[PDB]
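Below, in structure tokens: the form deposited in one PDB entry, a single chain.
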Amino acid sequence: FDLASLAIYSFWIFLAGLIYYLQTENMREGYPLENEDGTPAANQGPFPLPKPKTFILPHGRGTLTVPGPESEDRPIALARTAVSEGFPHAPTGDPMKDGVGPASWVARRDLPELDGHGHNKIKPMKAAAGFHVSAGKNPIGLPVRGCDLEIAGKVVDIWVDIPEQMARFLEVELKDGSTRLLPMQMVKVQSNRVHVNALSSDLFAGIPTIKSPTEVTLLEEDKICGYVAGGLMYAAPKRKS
């Protein structure tokens, strides 16, 4: 019954409460659990939902309250492939177009992310005041190549994050004169071209387009990022080595 023996018992308790707190804290999204058909699953695990909390979003964009009623807010083009819980769900169409699987996208807000001053976070560099390439190969004007090893277009600008000062997208012009955005993280800038392994030349038009040509919305980012990522699985018929 000495002090150290107390302190340690006291801790092992504290810790379990902490783990409880932590685990409930991490249930604010995706819960309550569901069956593959969207009805509440019978079994929710040992941990209960926490009391809702409410974030005040800046720039009068409202609030978010979690946990909260939760729907996908979009159609999901998949059908079951087995008679019981837990098997793969087949694409009922073209998964890239439908935005399922590795091509999945979330119905986020259809407005762009704003910096601390309420100005758009991401601008094409041409309309970003005083922003320039400062190191490493400037990709602008380079030909863009798909995994099939055909030319898919040309870099015509970089879209930069203002407050953070980093490249987030390469705006690429296609055969027809329209441009698409490609994530910086999915391109390899080389001394004489930009290579893009996720997509083949022919799938570039398929990239989701943005409606305003000098800004991009959270929802448009997701659709754009999703499409390209999914190309890693779905374009594989056309990838070489």
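Only residues modelled in both forms are compared. Basically, rigid core = biggest C-alpha set you can superpose within 1.5 Å across the two forms. In case it trips you up, residue 1 is the first one in the sequence shown, and so on.
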Entry-reported Cα temperature factor of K51, expressed as the chain third it lands in
highest
Would the CA B-factor of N120 place it in the lowest, middle or highest third of its chain?
middle
Sorting by Cα B-factor within the chain, modelled residues only, which third would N35 end up in: lowest, middle or highest?
middle
Quick check on the deposited entry: does the C-alpha B-factor of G206 sit in the lowest, middle or highest third of its chain?
lowest
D161 by Cα B-factor - lowest, middle or highest third of the modelled chain:
lowest
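Heads up, the form deposited in another entry isn't pictured, but that's what we're talking about next.
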Where does the C-alpha shift reach 2 Å or more between this form and the one not shown among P213, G177, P40, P52, given a fit on the rigid core?
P40
Superposing on the rigid core, is the Cα displacement of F204 between this form and the one not shown 2 Å or more?
no
So that I can tell if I13 moves, could you say whether its C-alpha shifts by at least 2 Å between this form and the one not shown after the core superposition?
no
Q190: CA shift of at least 2 Å between this form and the one not shown after core fit?
no
Sense of the change in Cα distance from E29 to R108 in the other form - at least 3 Å versus the shown form
farther
Hey, the CA atoms of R28 and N120 end up closer or farther in the other form than in the shown form, with the change being 3 Å or more?
farther
Give the consecutive runs of 3+ residues, present in both forms, in which every C-alpha shifts by 2 Å or more between this form and the one not shown after rigid core superposition.
21-45, 236-239
